[PDB]
Amino acid sequence: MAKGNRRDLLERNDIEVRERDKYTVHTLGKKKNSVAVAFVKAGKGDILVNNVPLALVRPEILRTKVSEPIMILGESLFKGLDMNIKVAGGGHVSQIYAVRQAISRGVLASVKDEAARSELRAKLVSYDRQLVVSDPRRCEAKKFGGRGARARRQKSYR
Amino acid sequence: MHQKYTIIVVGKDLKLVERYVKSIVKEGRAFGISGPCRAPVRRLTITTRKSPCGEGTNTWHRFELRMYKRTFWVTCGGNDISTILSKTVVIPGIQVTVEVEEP
Amino acid sequence: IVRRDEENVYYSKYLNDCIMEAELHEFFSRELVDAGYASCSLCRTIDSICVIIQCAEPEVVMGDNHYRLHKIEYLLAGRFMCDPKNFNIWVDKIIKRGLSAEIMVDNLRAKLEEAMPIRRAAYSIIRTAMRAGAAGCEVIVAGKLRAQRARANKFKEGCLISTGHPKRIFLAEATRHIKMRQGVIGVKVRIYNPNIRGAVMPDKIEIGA
Amino acid sequence: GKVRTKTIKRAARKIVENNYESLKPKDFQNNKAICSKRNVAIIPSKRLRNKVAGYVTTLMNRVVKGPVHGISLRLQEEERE
RNA sequence: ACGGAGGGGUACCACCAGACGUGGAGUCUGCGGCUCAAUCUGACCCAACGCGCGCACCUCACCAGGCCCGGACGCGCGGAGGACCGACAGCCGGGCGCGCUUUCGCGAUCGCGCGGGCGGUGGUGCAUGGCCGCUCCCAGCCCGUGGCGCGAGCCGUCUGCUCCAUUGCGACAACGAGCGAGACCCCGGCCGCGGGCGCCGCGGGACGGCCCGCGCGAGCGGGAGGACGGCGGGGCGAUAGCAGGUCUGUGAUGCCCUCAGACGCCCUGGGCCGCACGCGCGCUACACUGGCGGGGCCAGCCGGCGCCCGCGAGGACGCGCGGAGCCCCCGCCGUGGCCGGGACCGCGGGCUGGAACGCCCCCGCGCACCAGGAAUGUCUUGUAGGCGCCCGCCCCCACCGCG
């Protein structure tokens, strides 16, 4: 139903305006048609996805996948801050990965000391690179010889 | 006086539609404002067999007609019944670019 | 926030008028053969319709005291059901007739219908084009040119493009059908003007001193 | 890829010997800007410009390593003795 | 041109390594044969067989039957003292002033003969145009001057090294040009500016550029940094040609055949679907890596909803507003042709339409099928495969096709 590029999402008018102005940071993640927008501020360590905490995301098995950067970097920073994510686009898993990308990038922007930002980059990218750099590959078009992009209709010679 | 007027212009080619846009913006800065809204492109699609008889490899044509639409409803009360005319005749008369005005 | 059932009127009020233009192209082509007809255009001004014509010698179509034109205007209006006097017309004149394929091919059709041999007609056309400043012209005449067993013999002079997007800009093509006693004689023309208008052909580089 | 068609080579040679002063052996940016400059050339496209610039860079560093045939680069001054 | 000749190159419509299938069954559809009044026809290796864009009427050509002339325009004759055209009753008739036993009307818009038209999904695609297909998922093709040969012809246009590429380097009785290839156009991915009902307009960026190895050279191998690294997916598509397909797409057409008991046009029915048989593209399954019941949840080409009846499919009113399968969680079944599979048949309720033979829903019955012989097809990253959702044709209907 949701479309990702909608203006109602990128600005996150969901939040009320007096509260919309306390959020300093902004961030983006993506994977396939999925897009996630994060509004990071100052708090005491709370995260939300579509008005749902991080412990109760639904595929269940990937909860570790979204909690990864915390147990990597450490909980100190996140405990310092508080976040409110919102995602919209194709697929459960795509949404998972977009969300984790947004987490990581946003916490990267919270620090102002570039040196620490680079150190954290090295610390984190080594474990994985898709936590910072978006995956580029995307669904590809089909052709009229058959019912697939590269597969063809079966041919009968005799 | 004030008549909440709106300007809609439609075209099939993207080069005049953007040229008409600039002329209008130039000529409507005074009679109020005239900032544009770019709509999603309506693309008409037609797939046809390339053959009139149905022989050989099944090969297909893929035509389409993109239609571009822009909408300046910014006149609003800033234009009177005659004031709309002023600019609409001062803008260039490109041969093809449908225009309709409504309050 | 918006309804898609309303703008369909704007979109369908453009399509109809694009179609209305094509019928006119066909009708003029079947009519103003002798006036160097080439093309048409339209402007759906609400009060009245305007049509712009491109003709070698408009005075023929203009008609003494603008009679043929006016006879035409009242006619179209009935068919498209507009109040006449709101269906006015204007005519514009082509000055580089050699760069226009339609004029050339129509002239060729005339010359053929007078029994002259193909070998002269084609090369006269091609000389006319080159004099106009062109980089190539190709002529083709397929059909029962001899007793039987129809064959195509093609004449050319310069250099021509045949593929790519640039063929939709610098290459001008047209065709006709000629009905004769033996049968039908297919004829087609194509002309190449690389320095047309202001656009620059790609893969074309000019250097300085 | 590696498709260096005739046009690229001929053009690069021609713009090189007339601009040895305004170019450098390894830069791609300054060479690109010079080719974009109108006094020297007119490249109707972008990708063409980039390719031409790259070939110019290779040509000029080849020169600096040693003379190249087909390029009249004013070297008569060193060998006129 | 060919070679069961040699030498160099290349490609999943070729192979190696592997994957997923077909040929096994039931069924949808098309193709030959049988039958019939008709079961209308084109196409037959690649390069015919869900293809000539959904056949109850039309579409429609074929079978059994009937109205109408909508016979232009010229010459001769006739005609208002009446040319041609309509109708009640009552039958014959599927039906109709179609015909019939009769008598009312209408009014030159003409009747007959002679010439001449119009029209025709009628024949010839081996008389033609145009459009496609194939040669070709190719890399090749030619001009001016000059030179060699009586000449057909040759050199240019390469027996070297590279390239996906006649792509290039470097030479040569050749010199100098051009087409094709690339360049080009659309889409996508990263960044910037502007505008903004609705994310959409203009630009930047990547170039074998940097480093290292080689190589005279063109260029090859590795490592980086980077959104992306070395033709990312599509469009266009050379010269020459085929007795390839299309006269049933057309106010595209030559020559034939039909032209008032019509092959014209309009109506009523039937048929194109009929079935001892051979085979082409697909769909559904053969189960536990599963079936049933309940719940939670996310898309994109793009997109319409409330209330009340009814088990449901559907229906009456009234307004402008809006998105799923696989998957995940909890339970039942427990290797049994079983709750796997859902063909066939027997009662019933509705929708489209002038008209069901068509399509939906409910209870019962519960066919073949245990992974398929000789044989054979397709495929390298968001790919195969699995899962579903939209448009086209369309009164109703998708196992098809484009996405």
# chains A, B, ... in the order shown; residues from 1 in each chain; ligands from 1
call {"tool": "residues_around", "arguments": {"residues": "residue D:35", "least_positions_apart": "4", "cutoff": "12 Å", "atoms": "only C-alpha atoms (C1' of nucleotides)", "output": "JSON, numbers by chain"}}
result
{"C": [205, 206, 207, 208], "D": [11, 12, 14, 15, 16, 18, 19, 22, 23, 28, 29, 30, 31, 39, 40, 41, 42, 43, 44, 45, 46, 48, 49, 50, 51, 52, 53, 54, 55, 56, 57]}
call {"tool": "residues_around", "arguments": {"residues": "residue A:109", "least_positions_apart": "2", "cutoff": "12 Å", "atoms": "only C-alpha atoms (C1' of nucleotides)", "output": "PyMOL selection string"}}
result
chain A and resi 24-28+38-41+77+81+102-107+111-114+116-118+120-121+132
call {"tool": "write_last_selection", "arguments": {"atoms": "N, CA, C and O atoms", "output": "short mmCIF file (atom, residue, chain, number, x, y, z; two decimals), in the first residue's frame"}}
result
data_model
loop_
_atom_site.label_atom_id
_atom_site.label_comp_id
_atom_site.auth_asym_id
_atom_site.auth_seq_id
_atom_site.Cartn_x
_atom_site.Cartn_y
_atom_site.Cartn_z
N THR A 24 16.74 16.32 15.64
CA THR A 24 17.81 17.05 14.98
C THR A 24 18.31 16.29 13.77
O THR A 24 18.51 16.86 12.70
N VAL A 25 18.50 15.00 13.94
CA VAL A 25 19.12 14.18 12.92
C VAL A 25 18.06 13.63 11.98
O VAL A 25 16.87 13.60 12.27
N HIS A 26 18.52 13.23 10.81
CA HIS A 26 17.69 12.60 9.81
C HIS A 26 18.55 11.59 9.06
O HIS A 26 19.77 11.73 8.99
N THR A 27 17.90 10.58 8.50
CA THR A 27 18.63 9.41 8.05
C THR A 27 17.78 8.63 7.07
O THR A 27 16.56 8.78 7.02
N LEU A 28 18.45 7.78 6.30
CA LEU A 28 17.79 7.00 5.27
C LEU A 28 18.41 5.62 5.16
O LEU A 28 19.63 5.46 5.29
N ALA A 38 14.50 7.77 9.63
CA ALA A 38 14.77 7.82 11.05
C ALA A 38 14.98 9.24 11.51
O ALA A 38 15.63 10.05 10.84
N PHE A 39 14.43 9.54 12.67
CA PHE A 39 14.50 10.85 13.30
C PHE A 39 15.13 10.61 14.66
O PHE A 39 14.47 10.09 15.56
N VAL A 40 16.37 10.99 14.80
CA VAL A 40 17.13 10.71 16.00
C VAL A 40 17.23 11.97 16.83
O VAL A 40 17.36 13.07 16.29
N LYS A 41 17.16 11.81 18.15
CA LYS A 41 17.28 12.94 19.05
C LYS A 41 18.08 12.55 20.29
O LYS A 41 18.94 11.67 20.23
N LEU A 77 26.27 4.48 23.45
CA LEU A 77 25.76 5.53 22.58
C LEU A 77 24.25 5.46 22.49
O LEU A 77 23.55 6.45 22.72
N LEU A 81 20.87 8.03 23.43
CA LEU A 81 19.95 8.63 22.48
C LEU A 81 18.68 7.81 22.32
O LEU A 81 18.56 6.69 22.82
N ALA A 102 19.60 2.17 8.48
CA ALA A 102 19.26 3.48 9.00
C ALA A 102 19.75 3.66 10.42
O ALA A 102 20.28 4.72 10.77
N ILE A 103 19.56 2.66 11.26
CA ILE A 103 20.11 2.71 12.61
C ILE A 103 21.56 3.13 12.55
O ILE A 103 21.98 4.11 13.19
N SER A 104 22.36 2.37 11.81
CA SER A 104 23.80 2.56 11.85
C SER A 104 24.18 3.93 11.32
O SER A 104 24.99 4.64 11.93
N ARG A 105 23.59 4.33 10.21
CA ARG A 105 23.96 5.60 9.62
C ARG A 105 23.58 6.75 10.54
O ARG A 105 24.35 7.71 10.69
N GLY A 106 22.41 6.67 11.16
CA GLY A 106 22.00 7.73 12.05
C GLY A 106 22.89 7.88 13.26
O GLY A 106 23.30 8.98 13.60
N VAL A 107 23.21 6.77 13.91
CA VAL A 107 24.10 6.86 15.06
C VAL A 107 25.46 7.36 14.63
O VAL A 107 26.20 7.94 15.44
N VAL A 111 27.43 11.59 16.33
CA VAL A 111 28.74 12.07 16.74
C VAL A 111 29.19 13.18 15.81
O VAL A 111 28.98 13.12 14.59
N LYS A 112 29.82 14.20 16.38
CA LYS A 112 30.33 15.32 15.62
C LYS A 112 31.83 15.21 15.39
O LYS A 112 32.34 15.80 14.43
N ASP A 113 32.52 14.45 16.22
CA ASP A 113 33.97 14.29 16.11
C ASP A 113 34.24 13.37 14.94
O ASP A 113 34.06 12.15 15.03
N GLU A 114 34.69 13.95 13.83
CA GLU A 114 34.89 13.17 12.62
C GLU A 114 35.82 12.00 12.87
O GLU A 114 35.63 10.92 12.31
N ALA A 116 36.30 10.11 15.49
CA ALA A 116 35.54 9.00 16.04
C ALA A 116 34.60 8.41 15.01
O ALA A 116 34.39 7.20 14.97
N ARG A 117 34.02 9.26 14.16
CA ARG A 117 33.13 8.75 13.13
C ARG A 117 33.87 7.80 12.19
O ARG A 117 33.36 6.73 11.85
N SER A 118 35.08 8.16 11.79
CA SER A 118 35.88 7.29 10.93
C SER A 118 36.28 6.02 11.66
O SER A 118 36.27 4.93 11.07
N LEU A 120 34.68 4.51 14.04
CA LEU A 120 33.49 3.68 14.12
C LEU A 120 33.17 3.06 12.77
O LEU A 120 32.75 1.90 12.69
N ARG A 121 33.35 3.83 11.70
CA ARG A 121 33.19 3.29 10.36
C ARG A 121 34.07 2.07 10.17
O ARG A 121 33.61 1.02 9.70
N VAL A 132 26.23 0.15 5.79
CA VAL A 132 26.50 1.56 5.53
C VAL A 132 26.18 1.86 4.08
O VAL A 132 25.58 2.88 3.75
#
call {"tool": "closest_atom_pairs", "arguments": {"of": "chain E", "to": "chain B", "cutoff": "8 Å", "atoms": "only C-alpha atoms (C1' of nucleotides)", "output": "Markdown table"}}
result
| residue | atom | partner | partner_atom | distance |
| --- | --- | --- | --- | --- |
| E:43 | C1' | B:55 | CA | 7.7 |
| E:47 | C1' | B:56 | CA | 6.4 |
| E:51 | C1' | B:54 | CA | 6.0 |
| E:52 | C1' | B:54 | CA | 4.8 |
| E:131 | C1' | B:52 | CA | 6.8 |
| E:132 | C1' | B:51 | CA | 4.9 |
| E:133 | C1' | B:56 | CA | 5.0 |
| E:195 | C1' | B:36 | CA | 6.8 |
| E:196 | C1' | B:37 | CA | 5.7 |
| E:197 | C1' | B:37 | CA | 7.5 |
| E:198 | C1' | B:39 | CA | 6.0 |
| E:200 | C1' | B:38 | CA | 5.6 |
| E:201 | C1' | B:18 | CA | 7.9 |
| E:245 | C1' | B:55 | CA | 5.8 |
| E:246 | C1' | B:53 | CA | 5.4 |
| E:249 | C1' | B:52 | CA | 7.5 |
| E:402 | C1' | B:47 | CA | 6.7 |
call {"tool": "select_by_dssp", "arguments": {"residues": "chain B", "states": "strand (DSSP E)", "output": "number ranges by chain"}}
result
B: 5-11, 42-49, 60-76, 98-102
call {"tool": "write_last_selection", "arguments": {"atoms": "C-alpha atoms", "output": "PDB file, in the first residue's frame"}}
result
ATOM      1  CA  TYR B   5      -8.789  30.633 -10.793  1.00  0.00           C
ATOM      2  CA  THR B   6      -6.642  27.664 -11.813  1.00  0.00           C
ATOM      3  CA  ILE B   7      -4.464  27.067 -14.868  1.00  0.00           C
ATOM      4  CA  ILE B   8      -4.011  23.603 -16.367  1.00  0.00           C
ATOM      5  CA  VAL B   9      -1.777  22.872 -19.356  1.00  0.00           C
ATOM      6  CA  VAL B  10      -1.220  19.518 -21.055  1.00  0.00           C
ATOM      7  CA  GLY B  11       1.264  18.300 -23.623  1.00  0.00           C
ATOM      8  CA  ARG B  42       0.300   9.342 -17.560  1.00  0.00           C
ATOM      9  CA  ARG B  43       1.838   6.895 -20.006  1.00  0.00           C
ATOM     10  CA  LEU B  44      -0.411   5.189 -22.512  1.00  0.00           C
ATOM     11  CA  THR B  45       0.741   1.726 -23.526  1.00  0.00           C
ATOM     12  CA  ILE B  46      -0.175  -0.332 -26.555  1.00  0.00           C
ATOM     13  CA  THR B  47       1.388  -3.665 -27.487  1.00  0.00           C
ATOM     14  CA  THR B  48       0.800  -4.931 -30.987  1.00  0.00           C
ATOM     15  CA  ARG B  49       1.962  -7.779 -33.154  1.00  0.00           C
ATOM     16  CA  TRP B  60       5.985  -7.318 -30.627  1.00  0.00           C
ATOM     17  CA  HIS B  61       5.848  -3.552 -30.939  1.00  0.00           C
ATOM     18  CA  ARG B  62       5.854  -1.376 -27.832  1.00  0.00           C
ATOM     19  CA  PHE B  63       4.378   2.068 -28.384  1.00  0.00           C
ATOM     20  CA  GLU B  64       3.522   4.615 -25.766  1.00  0.00           C
ATOM     21  CA  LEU B  65       2.267   8.178 -25.373  1.00  0.00           C
ATOM     22  CA  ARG B  66       3.580  10.125 -22.427  1.00  0.00           C
ATOM     23  CA  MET B  67       1.350  13.025 -21.410  1.00  0.00           C
ATOM     24  CA  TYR B  68       2.777  15.719 -19.175  1.00  0.00           C
ATOM     25  CA  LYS B  69       0.588  17.984 -17.078  1.00  0.00           C
ATOM     26  CA  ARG B  70       1.311  21.084 -15.038  1.00  0.00           C
ATOM     27  CA  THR B  71      -1.082  23.064 -12.897  1.00  0.00           C
ATOM     28  CA  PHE B  72      -0.761  26.673 -11.787  1.00  0.00           C
ATOM     29  CA  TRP B  73      -3.679  27.368  -9.461  1.00  0.00           C
ATOM     30  CA  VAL B  74      -1.733  30.149  -7.809  1.00  0.00           C
ATOM     31  CA  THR B  75      -3.606  33.065  -9.355  1.00  0.00           C
ATOM     32  CA  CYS B  76      -6.496  32.471  -6.980  1.00  0.00           C
ATOM     33  CA  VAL B  98      -3.901  22.465 -24.355  1.00  0.00           C
ATOM     34  CA  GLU B  99      -4.920  25.012 -21.708  1.00  0.00           C
ATOM     35  CA  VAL B 100      -8.077  25.328 -19.608  1.00  0.00           C
ATOM     36  CA  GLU B 101      -8.972  27.849 -16.900  1.00  0.00           C
ATOM     37  CA  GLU B 102     -11.399  27.237 -14.049  1.00  0.00           C
TER      38      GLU B 102
END
call {"tool": "select_by_dssp", "arguments": {"residues": "chain C", "states": "alpha helix (DSSP H)", "output": "MDAnalysis selection string"}}
result
chainID C and resid 8:31 58:62 67:80 101:113 118:132
